[PDB]
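**Student:** Please read through the structure below; I'll follow up with questions.
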Amino acid sequence: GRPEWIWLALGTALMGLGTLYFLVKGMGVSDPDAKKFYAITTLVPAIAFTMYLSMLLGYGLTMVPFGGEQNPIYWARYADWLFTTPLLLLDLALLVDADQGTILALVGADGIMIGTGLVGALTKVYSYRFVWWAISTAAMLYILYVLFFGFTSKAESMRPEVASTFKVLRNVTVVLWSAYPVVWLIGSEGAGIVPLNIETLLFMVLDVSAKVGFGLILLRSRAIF
């Protein structure tokens, strides 16, 4: 009935298989530091899995009146990201052994980003929706600057395999995360230039790469030990 459901179903399966794979790999791991990475990384697709399912079944979908129409908004996305994007940042902060002050600034900045993004996704006045997008984006740029400049300087002083892995995860995070505000701006949450089935596909490729793909690079490395 909804042409995007195939992508919602496919995303649900990949988040599901992702969790299963990490669950397997994580069994037997005794190193306390490594447990921390496996716990975080497995929980991310597990959370994503339940939100993709709530979108597949219609629970995570709501109509917001703006622009004189009734626009569909998959609000479960934001429930997902609210909990998953901090965890993905905590994965990086552990890799470079970041200060608590830095981690707090990141988590808080990430909360603002997803928080204001949700407010924008739900704002009924069209113009204001973009005020919130700008604020959310400004939060995002702060994170990308901490990751790109702050954490890269800290990883340079650590073991080569850590720095090598961080540099890869960093580049993936920068490119992937920077795409989300663009999709929002052209998809249903913004100007509707892109149909919802394509928007759903794009977010699904992004969510998989940033989660499952992110986790495969980190857990395949010897840096977590």
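Residue numbering for chain A follows Swiss-Prot, covering 19-243 in order.
According to its header, this structure was worked out by X-ray crystallography, 2.7 Å.
Cβ coordinates come from backbone N, Cα and C, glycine included.
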**Student:** Looking at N6-(retinylidene)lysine as annotated by Swiss-Prot, pick the matching residue from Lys142, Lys229.
**Tutor:** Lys229
**Student:** Tell me whether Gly76 and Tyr144 fall on the same side of the membrane, as recorded in Swiss-Prot.
**Tutor:** yes
**Student:** By Cβ distance under 8 Å, which residues at least 6 away from the ends of the transmembrane segment (57-75) in the same chain are close to it?
**Tutor:** 23, 26-27, 29-30, 33-34, 36-37, 40-41, 44, 92, 94-95, 97-98, 101-102, 105-106, 108-109, 112, 225, 229-230, 232-233, 236-237
**Student:** Roughly how many Å lie between the Cα atoms of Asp98 (site 'Primary proton acceptor') and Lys229 (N6-(retinylidene)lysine), rounded to a whole value?
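**Tutor:** About 11 Å separates the two Cα atoms.
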**Student:** Give residue numbers and ranges for long-range contacts of the topological domain 'Cytoplasmic' (43-56): same chain, 6 or more residues beyond its ends, CB-CB under 8 A.
**Tutor:** 109, 112, 236-237, 242-243
